[PDB]
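All remarks here apply to the structure that follows.
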Amino acid sequence: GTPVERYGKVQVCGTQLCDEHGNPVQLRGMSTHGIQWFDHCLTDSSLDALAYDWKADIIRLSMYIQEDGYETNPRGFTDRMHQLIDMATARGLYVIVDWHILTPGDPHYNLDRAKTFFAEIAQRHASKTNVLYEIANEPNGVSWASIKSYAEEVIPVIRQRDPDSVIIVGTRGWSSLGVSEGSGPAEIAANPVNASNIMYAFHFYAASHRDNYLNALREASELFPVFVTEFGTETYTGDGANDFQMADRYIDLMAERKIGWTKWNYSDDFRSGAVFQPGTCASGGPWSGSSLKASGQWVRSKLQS
Ligand code: NA
Ligand SMILES: [Zn+2]
Ligand SMILES: [Zn+2]
Ligand SMILES: [Zn+2]
Ligand SMILES: [Zn+2]
C-alpha cells in the first residue's frame with residue numbers, strides 16, 4: 001500500500017503523530033521550493049518519481065505569499081495548490097499545505113489572506129484525511145505570545161470546515177523553537193496554543209545549526225509534537241558545504257523520536273540544498289542518478305531505507 005493507505009487518518013496522540021490505530025508514525029519526505037519560482041519542477045513525472053521511486057511519505061507544498069507569490073495572483077496560486085493537493089493524493093502522499101511566510105516575518109501581516117486561503121482549502125479538501133495545514137512557515141521578529149494569538153485566529157477558520165485535520169504551527173526565530181532568538185521550546189510548553197491535534201514546526205540547517213539546535217529538538221519532543229517541515233544539510237542560506245555527519249545526528253534523533261520531516265527542497269535551484277542539478281526540471285529528469293546533487297543522493301538514500 002501507499003503511505004496514505006498504510007497509516008490512514010493521521011492524528012496527534014499524546015506528544016507524537018500517530019496513524020489511525022494509535023501507532024506513532026514518522027512521515028518523511030520533501031518540501032517543494034516556492035511554487036512561484038519552481039512550479040516547472042512539479043510535474044507528473046517528478047511527482048511520480050518522488051512517490052514511487054524515492055518512497056517519500058509526504059510532500060510539503062511551499063507557497064510564498066510575498067516574493068512574487070500568492071499576493072500577486074491569489075486565484076491562480078490557489079487553483080494550482082488545489083491541483084497539487086489532488087496530484088499528491090493521487091500518488092499516495094500526505095500533503096502539507098505551507099503558507100510560506102518569511103518576509104515580512106510577522107504572520108499577522110498575512111492573516112486576512114491566510115483566512116481566505118485556508119477557508120477555501122479546508123472546505124474543498126475536508127473529506128481528505130491526508131492533508132496537514134502549516135499556517136505560518138517561519139515567524140521571525142515576533143514574540144511567542146503573538147504567534148500563539150495568530151494561531152488562535154487562523155485555527156478556528158480551518159476547524160470550522162475541517163475539524164479532524166492536523167495543524168502545524170510555526171515557532172519563534174524562523175521556526176527554530178526560539179533558539180535563534182535566544183529562547184527555546186520551554187516557552188511554548190508554558191503557553192501552548194489552545195487547541196489539540198496541533199504540532200509545532202522546527203527548522204534547521206546542519207552545517208550552521210549544531211548541538212544547541214539538536215538539543216532543543218530533543219527537548220521539544222518531550223513536551224509536544226514536533227514536525228520538521230524544513231531542513232537542510234548545508235548552511236542556513238540553503239547553500240554551501242554539506243555537513244552530513246551533523247545531519248545524520250539529526251536523522252537518528254528524528255528516527256528515535258518518530259519526528260517527521262520534509263527536506264528543503266525538491267527543485268533544480270542552483271543552491272546545494274536543491275536536490276536536482278540546474279536544468280533537470282527543464283529536461284524532464286531523470287529524477288535520480290547523475291541529476292542529483294550530493295544532498296539529493298543523501299536524502300533519496302534515507303527515504304529509500
Ligand atoms: Na529559505
Ligand atoms: Zn504519472
Ligand atoms: Zn522575482
Ligand atoms: Zn476532515
Ligand atoms: Zn526557510
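So you can find residues: chains in the C-alpha cells are A, B, ... in the order shown, residues in each start at 1, and ligands are numbered from 1 in order.
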
Within-12 Å residues of ligand 3, basis only C-alpha atoms and all ligand atoms, as a CSV table (one decimal) with N, CA and C atoms, in the first residue's frame:
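Printed below is pocket-v2.csv as written:
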```
chain,number,residue,atom,x,y,z
A,34,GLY,N,9.6,27.3,-3.6
A,34,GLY,CA,8.4,28.2,-3.8
A,34,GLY,C,7.8,27.9,-5.1
A,35,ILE,N,6.5,27.7,-5.2
A,35,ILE,CA,5.9,27.4,-6.5
A,35,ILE,C,5.9,28.6,-7.4
A,36,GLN,N,6.1,29.8,-7.0
A,36,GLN,CA,6.2,30.9,-7.8
A,36,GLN,C,7.5,31.0,-8.7
A,37,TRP,N,8.5,30.2,-8.2
A,37,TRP,CA,9.8,30.1,-8.9
A,37,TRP,C,10.0,28.7,-9.5
A,38,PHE,N,9.6,27.7,-8.9
A,38,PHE,CA,9.9,26.3,-9.3
A,38,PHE,C,8.7,25.4,-9.5
A,64,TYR,N,5.0,30.7,-1.2
A,64,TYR,CA,5.3,32.0,-0.7
A,64,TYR,C,4.1,33.0,-0.9
A,66,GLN,N,4.6,36.7,-0.2
A,66,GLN,CA,5.3,37.8,-0.8
A,66,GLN,C,6.3,37.2,-1.8
A,67,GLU,N,7.4,37.9,-2.2
A,67,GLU,CA,8.4,37.4,-3.1
A,67,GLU,C,7.8,36.8,-4.4
A,68,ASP,N,6.8,37.5,-5.0
A,68,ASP,CA,6.2,37.2,-6.2
A,68,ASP,C,5.2,36.0,-6.1
A,69,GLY,N,4.8,35.7,-4.9
A,69,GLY,CA,4.0,34.5,-4.6
A,69,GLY,C,2.5,34.9,-4.6
A,72,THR,N,0.4,38.2,-5.6
A,72,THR,CA,0.4,38.6,-7.0
A,72,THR,C,-0.7,38.0,-7.8
```

**Test item: residues at most 7 Å from range 148-151 of chain A, only C-alpha atoms, excluding those fewer than 5 positions along its chain, as a PyMOL selection string** = chain A and resi 107-108+169+193

Preceding selection exported with N, CA and C atoms as a compact mmCIF listing (two decimals), in the first residue's frame:
```txt
# COMPACT_ATOMS: atom_id res chain seq x y z
N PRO A 107 3.49 36.87 11.21
CA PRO A 107 2.42 36.17 10.49
C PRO A 107 1.15 37.01 10.36
N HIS A 108 0.91 37.91 11.30
CA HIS A 108 -0.30 38.73 11.22
C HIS A 108 -0.36 39.61 9.96
N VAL A 169 2.09 24.57 13.58
CA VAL A 169 2.24 25.96 13.94
C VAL A 169 3.72 26.33 13.97
N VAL A 193 -0.45 26.70 22.29
CA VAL A 193 -1.64 27.01 21.50
C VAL A 193 -2.81 26.22 22.11
```

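Backbone DSSP over range 115-292 of chain A yields strand (DSSP E) at residues 131, 132, 133, 134, 167, 168, 169, 198, 199, 200, 201, 202, 203, 204, 205, 226, 227, 228, 229, 230, 231, 232, 261, 262, 263 and 264 of chain A.
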
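The coordinates place CA of residue 212 in chain A at 28.5 Å from CA of residue 61 in chain A.
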
**Request:** Residues within 7 Å of ligand 4, counting only C-alpha atoms and all ligand atoms: report them as a count of residues only.
**Result:** 8

**Request:** Mind checking which residues fall within 9 Å of residue 244 in chain A, counting only C-alpha atoms, ignoring those fewer than 2 positions away in the same chain, and posting them as JSON, numbers by chain?
**Result:** {"A": [206, 207, 233, 234, 242, 246, 247, 248, 249, 295, 298]}
